[PDB]
Participant: 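Handing you this structure, nothing more for now.
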Amino acid sequence: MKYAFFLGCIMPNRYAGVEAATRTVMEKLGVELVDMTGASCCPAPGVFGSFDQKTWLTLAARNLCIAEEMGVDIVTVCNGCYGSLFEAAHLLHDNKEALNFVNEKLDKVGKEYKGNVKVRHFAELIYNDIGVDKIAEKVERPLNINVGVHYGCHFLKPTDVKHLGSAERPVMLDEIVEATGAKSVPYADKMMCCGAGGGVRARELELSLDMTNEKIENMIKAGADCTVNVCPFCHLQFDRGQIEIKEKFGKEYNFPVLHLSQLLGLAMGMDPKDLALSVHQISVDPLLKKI
Amino acid sequence: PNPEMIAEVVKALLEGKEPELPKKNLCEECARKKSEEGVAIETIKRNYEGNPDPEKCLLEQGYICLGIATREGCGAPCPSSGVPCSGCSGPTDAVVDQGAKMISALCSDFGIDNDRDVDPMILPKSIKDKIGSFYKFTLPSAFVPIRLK
Amino acid sequence: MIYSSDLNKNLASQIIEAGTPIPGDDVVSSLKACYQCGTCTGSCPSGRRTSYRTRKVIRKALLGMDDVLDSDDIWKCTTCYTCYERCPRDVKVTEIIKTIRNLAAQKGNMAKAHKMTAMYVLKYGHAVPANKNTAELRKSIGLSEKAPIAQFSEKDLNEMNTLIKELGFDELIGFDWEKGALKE
Amino acid sequence: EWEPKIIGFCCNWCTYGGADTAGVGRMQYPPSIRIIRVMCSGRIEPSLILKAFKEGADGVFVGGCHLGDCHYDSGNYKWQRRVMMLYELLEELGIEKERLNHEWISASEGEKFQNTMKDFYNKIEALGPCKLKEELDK
Amino acid sequence: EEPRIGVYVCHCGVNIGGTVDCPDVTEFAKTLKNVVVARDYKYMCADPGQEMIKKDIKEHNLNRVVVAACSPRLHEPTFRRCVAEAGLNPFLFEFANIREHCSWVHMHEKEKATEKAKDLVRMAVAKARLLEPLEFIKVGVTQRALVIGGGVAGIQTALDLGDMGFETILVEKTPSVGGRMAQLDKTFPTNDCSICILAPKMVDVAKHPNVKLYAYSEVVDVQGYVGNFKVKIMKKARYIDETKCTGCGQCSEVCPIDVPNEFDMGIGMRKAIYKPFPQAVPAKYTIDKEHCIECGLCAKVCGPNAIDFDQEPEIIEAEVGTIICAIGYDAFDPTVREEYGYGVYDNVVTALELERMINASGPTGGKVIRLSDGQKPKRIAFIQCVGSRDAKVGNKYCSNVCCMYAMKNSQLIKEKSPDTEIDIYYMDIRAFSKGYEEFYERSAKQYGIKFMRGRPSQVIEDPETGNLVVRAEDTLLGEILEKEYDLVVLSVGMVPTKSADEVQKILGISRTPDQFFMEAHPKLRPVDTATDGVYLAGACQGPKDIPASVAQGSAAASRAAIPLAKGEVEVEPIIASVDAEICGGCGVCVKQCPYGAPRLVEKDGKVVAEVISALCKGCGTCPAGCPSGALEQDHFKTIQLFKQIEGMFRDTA
Amino acid sequence: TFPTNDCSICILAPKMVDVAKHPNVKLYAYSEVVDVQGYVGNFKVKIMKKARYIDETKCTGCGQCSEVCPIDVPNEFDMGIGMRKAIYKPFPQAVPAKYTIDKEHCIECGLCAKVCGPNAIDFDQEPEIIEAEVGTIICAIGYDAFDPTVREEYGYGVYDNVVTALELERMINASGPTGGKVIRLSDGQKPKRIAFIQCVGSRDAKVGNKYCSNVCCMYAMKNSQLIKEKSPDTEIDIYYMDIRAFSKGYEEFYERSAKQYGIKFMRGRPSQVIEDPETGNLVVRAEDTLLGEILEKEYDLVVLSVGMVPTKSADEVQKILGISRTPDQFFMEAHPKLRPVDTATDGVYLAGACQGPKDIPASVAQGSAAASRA
Ligand SMILES: Cc1cc2nc3c(=O)[nH]c(=O)nc-3n(C[C@H](O)[C@H](O)[C@H](O)COP(=O)(O)OP(=O)(O)OC[C@H]3O[C@@H](n4cnc5c(N)ncnc54)[C@H](O)[C@@H]3O)c2cc1C
Ligand SMILES: Cc1cc2nc3c(=O)[nH]c(=O)nc-3n(C[C@H](O)[C@H](O)[C@H](O)COP(=O)(O)OP(=O)(O)OC[C@H]3O[C@@H](n4cnc5c(N)ncnc54)[C@H](O)[C@@H]3O)c2cc1C
Ligand code: SF4
Ligand code: SF4
Ligand code: SF4
Ligand code: SF4
Ligand code: SF4
Ligand code: SF4
Ligand code: SF4
Ligand code: SF4
Ligand code: SF4
Ligand code: SF4
Ligand code: SF4
Ligand code: SF4
Ligand code: SF4
Ligand code: FES
Ligand code: NA
């Protein structure tokens, strides 16, 4: 299994521990990660897709060409990047007018998308190709904690193009998290948005925090010890959002936020130092005393 | 054309009569045994493959015999001599394209006993030289008489 | 009171035009299949805590109320795709909202924060670029001091800068290359 | 300037009805095809298809009942065996496989018929004209 | 004889003329060889158009006619009658489809639509030249009818045909007749018990001198054509002698096996030995062997000793002239609309499950209770359009009856329990027939039933109480509602019955986009199918209510009675025949026929193929596969199709 | 005709032609039943063959007479939108294809007899009373369109550009008085903006019609599609309460009307229609119930989707047959479900719109159902 690793922005430049965790976890599961030299912002669809669809797709196609030139598929650990590149790719394969538009612009740079790139999400790649059983085989330290699983919206949706099963009652992440020994607690409005998507975090911060607060509150009521996501954007919203909720509304939860690769990492027998948990706005130390 | 047929034609014109060619396909004249239930082909064989039964119809045995899409009159010496008909007398008066009609017939009876389940890709893959199999003597008179380049 | 003089009969067609060829004429023209059932509004996470009503956006597009382009409400959509997924008339709701946002952006209705994020992607190539603390954090956990990304490749940074100029995205956000910042 | 010349063979019970349904529904599609009615796709054979190419067809379309839905129980199974051989015979004659298209379209599948006509027109239009008649007239 | 053609281009008002330049197509037809006269008229099928054709056939001594208009599948029979009245053989007439196949699909390309119509006219003219005069095949009609499905529609067809004096066979799949109507408590708009209208009809159909009822039976095979159908009916084994059984029900009281009753939609239980419902007809019992353990307790109790475990199924062979399909429908399974929680939440039920709960003789004794705790719900929500008007489930049609049955069942709940809060979440209230709008007014005015215009986004259960919350926008207030209910009823739509695919194959009939059976024409022939001798009646033709179903059953009886009363019908002479002078007996044709019409015979001391005219349906498969050209089907000869192909590119000579 | 959008002629004209030449059908056109005595199986009927003042046997329907007639009479078939002559044929595809003279307006100038080759005109012709014995009677007298003059706030009969949907059917008809052109009656111009007002004379207690007329949602969407086919730039709005597209292919026809033809729908029953005296344009006052705002959009033409009411002659037929009426005033079936086409009077059946508001598919089904019952 050889895949071009799209990093994005938030993971490599801020929550770099997610990158280290993914690198090791994917190596342990028989996956070779190749560098996408020159890869830029996916670009973030919240701003780019809302500002100009033409510019979002052209820059997304530019990044798809980098993996196409290498002759490998793409793998990402972000719903934002997954949604941006997967939907960009699907559109260039399905719509000839959109492909022709983009290629006229890409021709000015010396690139041309040909439609041979497949975009994968590591959680989906783990479930469908590798197998959940292979996760459990590599568990060195079983995690005896309750996890508030946050799928995020851009992982399974739009279902018409993603084809990763139901986005209403999914089981994918619940089984991957449970392989580590953790328990995926059912909580109210489990499939709702964290509130950051569509550039809402930046434009309407209070609105985004109201939704994050609802999710955190619901997870806590369900006995969750932490939250697990598959998106640095969700991660930032749950982690930094808690500081912003404390500052604006005075509500304190001290609810640890982890990316699935970091959770998997701990179970694989990784040193929490490599996971860069000290970079998190909300300390994960209380959770480390429970695992 | 057999000598006797050439004489009959010329003799008819000498007598101010209209020449009449035989109208049927070769199976009537052929001495091979045909099944009352009809033709059913299980597999397609090249002329060198297997060992043909000298009494049973060669088409029923899986060999491409053009007798079905060829006018009678020759006496069917080829099947009688142990080899399938190559269709050298050409088609009947009711068939313009001999090869097209032969292909139609062959495709229809191929796997007819397992009609709904026979894989339709078997026959095309079995015949490596389609034009040479069905148009040895009549390519120029076919609907598509050339290879486009 | 709403008069015919207060409406734009071509609003829907103008939204479809903007959505052609990306995300597609078929995709954005789906707004014409809406039968105002409200499934989108009841599914909206943002509508539960604001005055935002998803079907009113589609209603205003069909009715011709162009004030929808000046609306703060269209920017409350998180693009969760729940409306898109549940619409019984196959209206590609989330895509129509994004296309409406494109016309709102063209008219100047863009937030500084979004314009700042767009500027970081053309200048540094990334919405969240690397800082001095990144280099320190990355090397401390076994990673390369600098990630193999556009931020450190003048080749790829120039490629994007050529595309941004060809698309006119620099003019859209109001970015000047001599000044090296967002004008006005 | 040039518009492809397409000929269609549609069975009365299903595809001819499917073409009728597209019409009743005002489902627009390109005006290159001219449909010929037959009672069953089982009536179609290589001679008719090859005859269409000789006359100047850039594309040939054949529509029948879904496998198992033939009005005459199994006529479409015979046609399916014939068309598979025909695709390869055409390639040997230098006629692109893609200039022949066969589909199973029911009596009410107007949308499918419409989209099939659009797709087949774009495929022939992209291939350009068939030069058979140009070469035979020389 | 040299052909003399008359070409007639129709405008169909503006349906053709608005896109295609008909007068130009008419002048083009005049340039074609053998065209003596060419004319265009607004409506060729109308009186002036038909007389115009008949006049020219006589006046210009025409021997061929071409009509460039609609599809032959619509008016080929009408123009055939028209030309035959003027003395022209009906098979010397050819249709050019320039409406469905041209004007209606090339509206935005008028110049190319016109060019195309000219080619289609030249193609019809080309085939016309080589058409031959043929004679319609006169066939006898067996004086007997077959009705498939013993529901309200099927019972009506059988009672009407029987009342006219025709022998009729009524086949019913389950142990009893009655259909879904029997499962309903009351019926809108009168609010009569379904029993009131149905039970007397079930009683009558089971004792009718001209009706042979085959309950617990299925049609397993149908061969033949109009007036001459050969049918095989599988009388399934009840493992009880109907002649000896008295339906006393003593056996069911002692049976130890409990099986979920299918009639009660998985709410109520029954025994391995059972009767679908107490008013079932025939009033006989049945043993379900899937669950029967052969304990023998029912036989000790059975006085007439009617129980017979060794009983085997019987295949009955019947000859019939006409067939009526009245297999009804099945309720949509809302498990797929996951946001509503059907199959997850206990208190989310379908409207058909409610019909059984509310029914006086139902499993709860007419009590509407929650499954979670067996309590009576004080607050109920009805969710409309479940599995209808929905592209996500693939059902973009209106199920017709769900607005009315939700308002009806809501009235019943108010009659039984006036304090109950009832809300109906709808998009459009479709109370469109006689007394329906009034029933809707009365539901709100007299019964206090509330209506929320808003399609719900989702249903959510409170895990501690089992109560449900309905998330929906009140579109008339522009606000989001989150009302709590004790029970949620999904007004499920109608889908074809599970066995519809089996019946479709047996009869050889088509389906409309909604998947229900297809009528020949929505207005020309609403209960006929394109397959002669096969008709439709009831919900299997499309979602509808009882009044409409009964009307269709009566309409299907009239349509099916025509060929029976006539005692003779004409069938198309498009049959295959061998030219014995060309056939050398290669045997290629024999196995290609599904009906075995071609046979190798000996004529003049030589083997030759010969077609049994009666077994040939006219598909054209063996002529297409004949390598000698000896086989030709009339009206679709190779030479006729060859001319038609040439016609697209050029004129003859 | 919806939902197929076939010409009404396509399905009807061949059936009219067939019924007029059927060996077992005796067609008495321009005739009325004036008396019915007896009971089931033994009815004695008197049919008055009204005088056309033209010999049907000699007449060839050439129409030369109508070109020279000096009397102009409003065409009833064209709903007052067209003028016809004293000597006339209802429509060009009429069956029997014979002419008739309207004596109420005929002045006996004699010009038509001068152009009548077969000399078929006969002013001395008298009506004939035919006596027939029948076993069963089927009533299929149809319906009449509601007269919206009573809903005064809509301005029908006051404003020139306010028309009924049945008047539109005639304006839009290829063989209509305008040659298939939808024009304003004020200036003869084609309207660029049209409004359809639903439930006119239906679902209304103020006019005494609390029933649904069944077909007006579908015919408003249909006629709106035809206007879009003829003139794509036309702005069309349908003011409705509920869209009742309930039968096979109807919901799809409604989806298609909006998606393919761009027809707009306003959920709101209009309060009133107001004319601008200077332009003849109309304004429709209505609340968009889905926005909670009041609309006052201007239109060049307003079409009232009038409901169905019993035919004018229904009272005469009711008395002759001895049958009852339901609260909607249409004829009463023995039982909505037990016997939908029978009446409580044995030997008398019902078929079509006279039994209640319905569409063509339903009417044809009832005609077939009544044939079985009779
Ligand atoms: C919840 C609900 C409430 C309703 N309420 C009303 C109401 O109040 N008023 C109203 O008018 N309508 C109502 N309807 C609609 C009504 O049920 C139908 O209009 C009516 O039952 C149609 O009758 P049918 O004979 O066409 O079909 P069905 O009633 O479905 O009967 C079909 C019959 O055919 C049999 N059958 C099926 N397959 C085969 C086979 N392969 N071989 C032999 N037999 C077969 C079945 O066993 C059954 O007996 C309601 C529908 C639902 C779902
Ligand atoms: C504007 C409008 C548009 C419509 N569009 C459509 C559509 O697109 N599709 C559709 O399906 N339906 C449509 N409808 C409904 C459709 O017109 C009716 O369903 C249909 O005409 C009913 O047929 P009928 O024979 O029962 O009644 P009618 O068509 O009214 O025929 C009744 C006949 O009986 C005759 N008659 C009356 N009184 C007497 C008497 N005393 N003695 C003898 N004869 C008498 C009349 O002259 C008439 O010919 C529309 C209705 C309207 C008003
Ligand atoms: S062998 Fe060739 S020719 Fe002789 S019978 Fe079989 S097919 Fe006809
Ligand atoms: S090949 Fe020529 S000779 Fe030999 S059998 Fe066939 S036709 Fe007769
Ligand atoms: S859901 Fe689809 S149809 Fe219902 S309102 Fe929202 S968009 Fe319009
Ligand atoms: S996508 Fe935008 S609008 Fe549709 S639901 Fe999520 S947020 Fe509300
Ligand atoms: S035998 Fe089978 S059926 Fe008769 S009682 Fe014992 S179990 Fe119930
Ligand atoms: S079986 Fe014996 S017992 Fe059960 S009912 Fe029929 S008769 Fe009475
Ligand atoms: S009847 Fe009422 S509920 Fe049933 S589908 Fe049609 S509209 Fe929705
Ligand atoms: S296929 Fe043609 S030739 Fe062979 S037997 Fe049948 S008819 Fe005679
Ligand atoms: S034509 Fe079709 S049906 Fe008639 S015989 Fe040949 S194969 Fe059998
Ligand atoms: S039906 Fe066919 S023939 Fe009659 S008018 Fe419409 S098109 Fe011309
Ligand atoms: S006579 Fe009466 S009818 Fe003849 S023209 Fe003079 S007016 Fe018209
Ligand atoms: S003129 Fe004489 S014939 Fe010609 S129409 Fe008038 S009446 Fe009938
Ligand atoms: S059908 Fe539509 S318009 Fe006609 S009354 Fe019922 S609702 Fe009003
Ligand atoms: S009838 Fe359509 S393929 Fe046989
Ligand atoms: Na009986």
Side-chain angles (χ1 to χ4, degrees), chain B residues 24-28 30 32 34-35 37-45 57-72 79 84-87 89-92 94-113 115 118 120 122-124 126-127 130-131 133-136 138 142-143, chain D residues 41-50 74-75 77-86 88-89, chain E residues 576 578-579 582-593 598 600 608-609 611 619-633 638:
Chain B
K24 308 173 171 265
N25 48 339
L26 197 70
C27 302
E28 179 45 57
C30 185
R32 298 274 185 151
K34 198 83 78 156
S35 301
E37 68 244 5
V39 168
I41 301 148
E42 291 170 304
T43 54
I44 281 309
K45 301 150 177 183
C57 159
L58 291 166
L59 179 69
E60 289 179 21
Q61 293 182 67
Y63 298 102
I64 298 173
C65 185
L66 276 271
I68 66 175
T70 297
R71 189 198 299 277
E72 70 178 330
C85 164
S86 302
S89 270
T92 66
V95 170
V96 175
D97 196 308
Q98 190 194 38
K101 270 305 207 169
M102 180 62 198
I103 289 157
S104 190
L106 191 77
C107 294
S108 302
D109 293 339
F110 186 83
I112 193 68
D113 287 329
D115 189 33
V118 58
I122 292 162
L123 193 54
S126 296
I127 306 172
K130 319 260 194 323
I131 296 174
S133 289
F134 309 112
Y135 292 100
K136 294 183 162 66
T138 63
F143 288 120
Chain D
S41 75
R43 179 70 190 80
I44 312 309
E45 58 118 320
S47 83
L48 297 172
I49 303 296
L50 294 159
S74 49
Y77 282 106
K78 281 73 169 182
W79 164 238
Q80 179 173 233
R81 288 196 285 282
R82 293 164 192 167
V83 77
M84 294 313 175
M85 267 286 272
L86 193 53
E88 297 201 21
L89 173 68
Chain E
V578 181
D579 181 347
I582 301 159
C583 171
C586 74
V588 161
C589 57
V590 183
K591 305 240 183 151
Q592 283 175 73
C593 183
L600 290 173
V608 71
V611 176
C619 74
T621 303
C622 59
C626 171
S628 71
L631 264 167
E632 287 294 352
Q633 85 165 132
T638 305

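Below, chain A is the first sequence line, B the second, and so on; all start at residue 1.
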Participant: Drop me the distance from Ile122(B)'s CD1 to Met85(D)'s CE, to the nearest 0.5 angstrom.
Facilitator: 13.0 Å
Participant: Which pair of non-hydrogen atoms, one from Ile127(B) and one from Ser133(B), has the smallest distance, and what is that distance?
Facilitator: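 That closest heavy-atom pairing would be CG2-OG, 3.6 Å.
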Participant: With a 4.5 Å cut-off on side-chain heavy atoms, are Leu123(B) and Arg81(D) touching?
Facilitator: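 No, their side chains stay 4.5 Å or more apart.
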Participant: Say whether, by atom type as modelled, one donor and one acceptor occur between the side chain of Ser104(B) and the main chain of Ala100(B) under 3.5 angstrom.
Facilitator: no
Participant: Which heavy atom in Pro46(D) sits nearest to a heavy atom in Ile103(B), and how many Å separate them?
Facilitator: CG-CG2, 3.9 Å
Participant: About how many Å separate CG of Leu86(D) and CD1 of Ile49(D), when rounded to the nearest 0.5 Å?
Facilitator: 6.0 Å
Participant: Taking side chain as C-beta onward, heavy atoms only, is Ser86(B) less than 4.5 Å from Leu66(B)?
Facilitator: no
Participant: Please check if the side chain of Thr92(B) supplies one atom and the backbone of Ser628(E) the other of a donor-acceptor pair under 3.5 Å.
Facilitator: yes
Participant: Among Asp109(B), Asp115(B), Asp113(B), exactly one meets side-chain hydrogen bond (donor to acceptor under 3.5 Å, both in side chains) together with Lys591(E). Which residue is that?
Facilitator: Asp113(B)
Participant: Are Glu45(D) and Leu50(D) side-chain neighbours, meaning at least one heavy-atom pair lies under 4.5 Å?
Facilitator: no
Participant: For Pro598(E), give me all partners under side-chain contact (heavy atoms from CB on, under 4.5 Å), at least two apart in sequence or on another chain.
Facilitator: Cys589(E), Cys593(E), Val611(E), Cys622(E)
Participant: Kindly indicate whether the side chain of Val590(E), heavy atoms from C-beta on, has any atom under 4.5 Å from the side chain of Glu37(B).
Facilitator: no
Participant: Do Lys78(D) and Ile112(B) have side-chain heavy atoms sitting under 4.5 Å apart?
Facilitator: yes
Participant: Taking atom CG of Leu89(D) and atom CZ of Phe134(B), what is their separation to the nearest 0.5 Å?
Facilitator: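 Rounded to the nearest 0.5 Å, the CG-CZ separation comes to 8.5 Å.
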Participant: Is the shortest distance from a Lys or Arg side-chain nitrogen in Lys34(B) or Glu60(B) to a carboxylate oxygen in the other one below 4.0 Å?
Facilitator: no
Participant: Could you measure the distance from the CD atom of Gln80(D) to the OG atom of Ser74(D)? Nearest 0.5 Å is fine.
Facilitator: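 Rounded to the nearest 0.5 Å, the CD-OG separation comes to 12.5 Å.
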Participant: Identify the two heavy atoms, one from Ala576(E) and one from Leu631(E), that lie closest to each other, and give their separation to 0.1 Å.
Facilitator: CB-CD2, 4.0 Å
Participant: Could you give the distance from CD (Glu28(B)) to CD1 (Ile582(E)), rounded to the nearest 0.5 Å?
Facilitator: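 Spacing of CD (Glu28(B)) from CD1 (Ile582(E)) equals 14.0 Å.
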Participant: Can you tell me how far apart CG (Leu26(B)) and SG (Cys65(B)) are? Round to the nearest 0.5 Å.
Facilitator: 7.0 Å
Participant: Decide yes or no for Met102(B) and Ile64(B): does some side-chain heavy atom of the first lie under 4.5 Å from some side-chain heavy atom of the second?
Facilitator: yes
Participant: With side-chain contact (heavy atoms from CB on, under 4.5 Å) as the test, would you mind laying out the steps for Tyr135(B) and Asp97(B) before giving the verdict?
Facilitator: CA-CA 9 Å; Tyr135(B) 292 100; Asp97(B) 196 308; 2.7 Å; yes
Participant: For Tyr63(B), check ring pair (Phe, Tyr, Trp, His ring centres under 6.0 Å) against everything at least two apart and list the hits.
Facilitator: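 Applying ring pair (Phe, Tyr, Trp, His ring centres under 6.0 Å) to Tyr63(B) gives none.
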Participant: Which atoms form the tightest heavy-atom contact between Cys586(E) and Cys27(B), and what is the distance?
Facilitator: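 Closest approach of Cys586(E) to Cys27(B): CB-SG, 3.4 Å.
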Participant: Which atom pair, heavy atoms only, marks the closest approach of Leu106(B) to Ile41(B)?
Facilitator: CD1-CD1, 4.1 Å
Participant: Side chain to side chain donor-acceptor pair (under 3.5 Å) with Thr70(B): which residues, sequence neighbours excluded?
Facilitator: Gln98(B)
Participant: Work out which heavy atom in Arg82(D) is nearest to a heavy atom in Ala624(E); give both atom names and the distance.
Facilitator: NH1-CB, 3.5 Å
